[PDB]
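Protein sequences, first through last, are from chains A and A'. A prime marks a further copy of an entry chain. If you read the first sequence in the deposited numbering, its first letter stands for residue 1, the second for the next number, and so on. If you read the second sequence in the deposited numbering, its first letter stands for residue 1, the second for the next number, and so on. Note that CB positions come from ideal geometry on N, CA and C, so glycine has one too. Input: a single structure, listed below in C-alpha cells.
2 protein chains.
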Amino acid sequence: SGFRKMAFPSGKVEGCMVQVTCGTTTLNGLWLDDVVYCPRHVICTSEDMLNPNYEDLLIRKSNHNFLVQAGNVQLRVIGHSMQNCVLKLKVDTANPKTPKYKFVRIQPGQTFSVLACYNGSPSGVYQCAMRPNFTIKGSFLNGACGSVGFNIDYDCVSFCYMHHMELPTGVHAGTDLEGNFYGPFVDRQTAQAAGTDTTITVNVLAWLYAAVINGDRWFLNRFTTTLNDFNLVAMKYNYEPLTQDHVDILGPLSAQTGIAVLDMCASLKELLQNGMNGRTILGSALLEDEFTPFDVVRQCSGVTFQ
Amino acid sequence: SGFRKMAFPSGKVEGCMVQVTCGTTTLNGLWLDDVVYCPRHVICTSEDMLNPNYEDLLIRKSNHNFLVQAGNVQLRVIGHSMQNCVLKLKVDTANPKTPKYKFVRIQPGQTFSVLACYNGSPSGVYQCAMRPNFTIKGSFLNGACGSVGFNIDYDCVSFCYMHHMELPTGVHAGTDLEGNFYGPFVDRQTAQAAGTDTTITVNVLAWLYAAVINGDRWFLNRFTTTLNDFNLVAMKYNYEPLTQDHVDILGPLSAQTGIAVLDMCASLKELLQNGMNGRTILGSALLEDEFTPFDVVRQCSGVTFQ
Ligand SMILES: *[C@](O)(C(=O)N1CCC1)[C@H](C[C@@H]1CCNC1=O)NC(=O)[C@@H]1[C@@H]2[C@H](CN1C(=O)[C@@H](NC(=O)C(F)(F)F)C(C)(C)C)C2(C)C
Ligand SMILES: *[C@](O)(C(=O)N1CCC1)[C@H](C[C@@H]1CCNC1=O)NC(=O)[C@@H]1[C@@H]2[C@H](CN1C(=O)[C@@H](NC(=O)C(F)(F)F)C(C)(C)C)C2(C)C
Ligand SMILES: [Cl-]
C-alpha cells in the first residue's frame, strides 16, 4: 500500500550524462554510442541569446571548440551538426554504458522522469507530466540545460525531453531528442508565455482509482453520468474533455475496482462542484493530474525494469 | 526555479540489488563486496510469520538453501549469519559495482531516497522522511521487502533503511543496515500501530524558505515571535518543538533570504492559527514537512553527485 510520485530508476541515464563546454557556456550533454546531444545554445554567450543566428554561430566553430568531459576523461569531438534546436557532436569513443534506447515525442498528458544534472553530474530525479500547454512543472537552476526526461520499458530507455528554458511562472520548456520544441516556444531570450493550462482529466480519474485501491473511498457517490453530461461540467473547471479513448485506457483500473469509468466520472463531478470540504485523498487536499493510468497500474502492480 | 520532491540518482544502488529466495519466500537483497544483506524473514513461510523463532529457523538452513541471483547470474552462498533482524549471506563473488558506502542510522526528521524493488529489479525511486513516530509514508507491495533507503554525499552512498513491513494506515517500518528497527516495531505478524505522528517543524520552515526563494511570498507577515511563544502555538497543532539547533540549521536559508528564523516562525504561527484561506504555497494546499533544510539548499543551489 501507499501512493507516491515515483520516478524511474536513473542508472541507465546517469551513464550517458556528459559536460559540454563551448567558450564560456557549459551545460549537459547526452552521450549515446559515439554522439553527444545537447541544446544548440551551448554556442551562445549570455548576450547572443536575445536573438541568435544559430546556423551562423555554428559555421564559426571547429570540432576542437567543443570540450566534452565524461568524469575526468575528455572525449575528442571529430564531427558536429545541428538538428533543429539540438547539437550533435560526433565523438571518437562510443559510450560503453549506452543502454538500449529510443527517441520518442510524447503527447500532452503523458509523464516521464527528469534526471536533473549540473556540469554533466546528476543532482536528482523526479517525475513530471507534459502539460496540455506543452510546459512541465520542473525544478531547474542555471546549468540544468541538456538535462533529459525519459521512460523505461523493461530494458529500453525512451528519451522524450531535453531541457532548454524557463518561462514566466517558473515552468519549463524544451525539445524532443530530434530538437523540436514541445509547444510554440523558440530558443531565444524574448517575451514568451505558456498558454493557460488545463487539468488532465484522464489522469485525475486514474488517481481516484489509486485512492480506491489504497482504501480511500469517502468520495464515491451512488450516481452515474453520461460522457456528454460529464464533459459539460469538466469544461467549467478548465478540465480537458474525456474521450472514449480515455475511457478505454481506464479499462484495467475500472475492471480491477469494479467501478465503471462513468460512475467515477459522477464522483469527480461532485468533487468539482462541491470541493473536498477540508478532506484529503491519498494525503492530498487538491486533485492530482500527474499520474497516468499506466503510472497507477505500474505502482499498484509493481512493474520492474532491467 | 521550481520546487519538486526530488530523489537521489539511483544508479549506484541499482548495481547492488539482488533477488534472495529461501524455499517459497523471495525478496530483495543488497550486494556490497562479498555480502548480501536481506530481511531475516526470508527464512519464513507466510504462516511462520505470526511468531517466528528466527535463531531456530536459521539453524535448520544450509548455505545452498539460499538462492541469490543478480540478473541471469546465480551467486554461490558460502556463509550465513544473523545480525538482529538482517541476514548476511557471504557470497563467493565480490560485487564489482559496489560503490563507496556507509551504514548510517538516521534521526527522525531526516529524509532519504527509497529504491523500490521487486524480484531484485528496481521499480522506481521516491523521497521519504523518517517520521517522528519512526514510520515512513512509502509505496510498497508484497515483494518490496529488502528494498533500501539511502543518501548520496558526492561519491558515497549512505544506506539508512531496509524495508520489512506495513502497519495499519498503510505506513511502513524497517531497519538500519545493522538490522535494528526504527521505532518499537518487531518483525512478526501481530497487532502493531504507529504512535500518533507529529509534524516536523524545522522541515516546514525550510519549505517556507524554499517558497520565498521561488517568489511565493504572500504568507510573510510583518511580525516576530520568541522561540518560547512559537513552541506554545506549535504544540496545539501537533508540531514538534523547534530547538536552538533547528534555528542554527536554518541559518543558511535565513541568511540567503534575509528573513530571521523567528520572523518565519511568526509567519508559520499565523498560517497554523488562520489556515491558508484556499491559497497554495509552492503548488501545495497543505504545509509540507518532508524537505530538510539541507534538501532545500541542495535543490535551490544545484548540489551534484559522482
Ligand atoms: C540553460 O541555458 C542552462 O542551464 N545554461 C547553463 C548555461 C546555459 C538555461 C536554464 C534556465 C535558467 C534558469 N532556469 C532554467 O531552467 N536556459 C536559458 O537560460 C534559456 C536560453 C536563453 C534564455 N533562456 C531562458 O530560460 C530564459 N527564458 C525566456 O527567455 C522565456 F522563457 F521567458 F522565454 C530565462 C533566462 C529568462 C529564464 C535560451 C532560451 C536560448
Ligand atoms: C515483505 O515481507 C515482502 O515484501 N515479502 C515478499 C515475501 C515477503 C512484506 C512487505 C509488505 C506486504 C504488504 N506491503 C508491504 O510492504 N512484509 C511483510 O509481509 C511483513 C512480514 C510479516 C508480516 N509483515 C507485514 O508487513 C504485516 N504487518 C503487520 O503485521 C503489522 F504491521 F500490522 F504489524 C502485514 C502483512 C499485515 C502488512 C513480517 C513482519 C515478518
Ligand atoms: Cl496538497
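Between ligand 2 and A'/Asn180, a heavy atom-to-CB distance of less than 7 Å is absent. With respect to the C-alpha of A/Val202, the residue from A/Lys61, A/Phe3 and A/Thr111 having the closest C-alpha is A/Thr111. In summary, A/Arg40 is buried, with 16 or more beta-carbon neighbours lying within 10 Å of its beta-carbon over all protein chains present. When 7 Å is used as the limit between beta carbons, A'/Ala285 is near these residues of chain A: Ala285 and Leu286, in chain order. Annotation: A/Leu208 has no Cβ neighbours in chain A' at a cutoff of 9 Å; minimum Cβ distance is about 17 Å.
Between the region 2 to 12 of chain A' and the region 280 to 297 of chain A there are fewer than three C-beta pairs closer than 8 Å, too few to call the two in contact. For the pair A'/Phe8 and A'/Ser113, the Cα-to-Cα distance works out to about 6 Å.
Between A/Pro122 and chain A', the shortest Cβ-Cβ separation is below 8 Å.
DSSP places A'/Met235 within a helical segment (H, G or I) once states are collapsed to three. Distances between the C-beta of A/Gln299 and the heavy atoms of ligand 2 are all 7 Å or more. Within chain A, the residues placing a beta-carbon under 8 Å from that of A'/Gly138 are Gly2 and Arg4, ordered along the chain.
When C-beta distances to chain A' are compared with 8 Å, the residues of the region 166 to 179 of chain A below that value are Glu166, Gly170, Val171 and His172, in chain order. For A/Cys156, DSSP records a beta bridge to A/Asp153. For A/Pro168 and A/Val42, the gap between their C-alpha atoms comes out near 22 Å. As DSSP reads the structure, A/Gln69 sits in a beta bridge with A/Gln19 and A/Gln74.
Within chain A, the C-beta atoms nearer than 8 Å to that of A'/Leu115 come from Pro9, in chain order.
Nearest C-alpha to A/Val125 among A'/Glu47, A'/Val36 and A'/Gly11: A'/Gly11.
Rounded to whole angstroms, the separation of the alpha carbons of A/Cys38 and A/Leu50 is 19 Å. Here A'/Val91 really is in contact with A'/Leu75; their C-beta atoms are around 4 Å apart, less than 8 Å.
Within 7 Å of the C-beta of A'/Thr25 there is at least one heavy atom belonging to ligand 2. Using a Cβ-Cβ cut-off of 7 Å, A/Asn119 is close to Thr304 of chain A', given in chain order. Within 10 angstroms of the beta-carbon of A'/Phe223 lie fewer than 16 other beta-carbons, which makes it exposed.
Here A/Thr45 is exposed, its C-beta having fewer than 16 other C-beta atoms within 10 Å. A Cβ-Cβ distance of about 17 Å is found for the pair A/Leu282 and A/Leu250, leaving them out of contact under the 8 Å criterion. Annotation for A/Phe112: the continuous beta strand (DSSP E) segment containing it runs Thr111 to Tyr118. At a cut-off of 8 Å between C-beta atoms, A'/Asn214 counts as an interface residue with respect to chain A.
When beta bridges are read from the DSSP output, A/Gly29 appears opposite A/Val18.
Distance from the CA of A/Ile136 to the CA of A'/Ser62, rounded to the nearest whole angstrom, comes to 53 Å.
Counting the other CB atoms within 10 Å of its CB gives A'/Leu232 a total below 16, which places it among the exposed residues.
For the pair A/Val157 and A/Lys100, the CB atoms are nearer than the 8 Å cut-off.
For the pair A'/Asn238 and A'/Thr190, the CB atoms are not nearer than the 8 Å cut-off.
Looking at A'/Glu270, A'/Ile59 and A'/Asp176, the one whose alpha-carbon comes closest to that of A'/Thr225 is A'/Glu270. Within chain A, no C-beta atom comes nearer than 7 Å to that of A'/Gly183; the closest sits roughly 17 Å away.
Chain A' places a beta carbon closer than 8 Å to that of A/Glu14, counting this residue as a contact. Taking the Cα positions, A/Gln19 is about 21 Å away from A/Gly138. At a cut-off of 8 Å between beta-carbon atoms, A'/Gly143 makes contact with chain A.
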